[PDB]
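Single chain ahead, by itself, as structure tokens, in the form deposited in one PDB entry.
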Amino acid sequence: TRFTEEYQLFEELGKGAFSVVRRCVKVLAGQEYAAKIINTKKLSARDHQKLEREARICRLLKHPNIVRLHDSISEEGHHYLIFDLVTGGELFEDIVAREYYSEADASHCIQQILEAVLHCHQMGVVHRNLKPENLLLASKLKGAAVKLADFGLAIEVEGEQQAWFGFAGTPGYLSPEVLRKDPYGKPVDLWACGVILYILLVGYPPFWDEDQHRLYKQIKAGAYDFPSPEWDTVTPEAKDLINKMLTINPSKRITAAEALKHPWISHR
């Protein structure tokens, strides 16, 4: 098919199961991209589903804080996902290696996360798997933009209509509604944003236990706090936002729009 003839393959960029990604060049255009090479038939029945989903849903999102898919392509026993090239790594690498972010830079960070997420919800897409590992930095530059990635677990919703889309995502960042087989929708992303914002500011998550059972219990209960000392110097509006995001009833939980208006993110 098209990939072999249009795209020239370069260095090894990253790995992830039966899918090596490489820097590639659309030769005629000259422009360079990240091309996710994926083994076909080494993959499972469910994996091909999550691939169509990824392809379809990414080919829906035009935003500077969402990694753009430029071309989904299938050939002999290999599928090709062509993305915006990004060399700033995961937001996880950067948090880990900087302990935490200042309020200034945490606000600047979750702002971009909130706008990406809002475009997502405007095109009726819910991501269900926001986390520092699934957020990428444009380049190694200071100030480099934050680009939302990995839509393998993303789902399309119809208007503001809620439903059981299955138990899917990541133990730490999962919403209470999901933990209670409740019909869920747009708001599960905000819960996830809350968790990220807490991490951002102190460098650890609000909910965590060595026993999944106890982790899901405290998540379900909204059982987080803002410990001393670290949390003592932190503006009470920053905390406010996190309450409004880690609100436990998704009805009265804050939206992506409401949040981008909040004084902790807006005046910035």
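Numbering starts at 1 and follows the sequence shown.
Comparing 38-46 with 204-212, the stretch with the higher mean C-alpha B-factor in the PDB entry is 38-46. For the pair 137-145 and 179-187, the record assigns the higher mean C-alpha temperature factor to 137-145.
As recorded in the entry, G77 carries the highest CA temperature factor of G77, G166, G172, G194. Comparing the listed residues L28, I242, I219, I66, the entry records the largest Cα B-factor for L28. The PDB entry assigns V96 a C-alpha temperature factor belonging to the middle third of its chain's modelled residues. For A17, the recorded CA temperature factor ranks within the highest third of the chain's modelled residues. Residue-level temperature factors show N129 in the lowest third of its chain, judged at the C-alpha atom. Annotation for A154: CA B-factor lies in the middle third of the chain's modelled residues. Placement of the Cα temperature factor of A223 within the chain: lowest third of the modelled residues, per the deposited record.
Note that the form deposited in another entry isn't included here; everything after this is about it.
Hinge annotation between this form and the one not shown, restricted to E54, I242, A106, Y173, points to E54 (rigid-part boundary).
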